[PDB]
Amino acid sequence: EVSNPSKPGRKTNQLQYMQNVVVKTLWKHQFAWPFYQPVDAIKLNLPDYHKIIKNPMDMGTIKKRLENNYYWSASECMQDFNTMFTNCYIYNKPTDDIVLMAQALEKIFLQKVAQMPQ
């Protein structure tokens, strides 16, 4: 999940940008806090969450993956962000607050990624 002995990982120029520009800009958004940690289906009372969401993802995991050089390339790290936002749209109702919070964060994600080098 945040490290794998058989998985090749490294740090590239792009992966440094994911960590120092993308993760770090988003972590400081006032709507980011629900994504610091995995969805806790006990605390939030979500008996069906892990039946609908097959691959949970959050920014804490991503951040930790970056610090561990878990990833091979930055597009792999972008896929994790997409999973995290997409899970949010999939599980929740169209007008739920968390949907509108994920959309605002996702927009900034793309603006930052649009300036990534290479």
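In this text, the rigid core denotes the largest set of C-alpha atoms whose superposition between the two forms falls within 1.5 Å. In case it trips you up, residue 1 is the first one in the sequence shown, and so on.
Here the rigid core sets the fit, and in 8 other deposited structures of this protein the C-alphas of 40-48 stray farther than those of the other stretch, out of 61-69 and 40-48. For the pair 41-49 and 86-94, the record assigns the higher mean C-alpha temperature factor to 41-49. Split the chain's modelled residues into thirds by C-alpha temperature factor. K64 is in the middle one. In this PDB entry, the Cα temperature factor of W72 sits in the top third of its chain's modelled residues, the highest group. In the PDB entry, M116 places in the highest third of its chain by CA B-factor. Ranked by C-alpha B-factor against the other modelled residues of its chain, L105 falls in the middle third. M18: CA B factor in the lowest third of modelled residues in this chain (values from the PDB entry).
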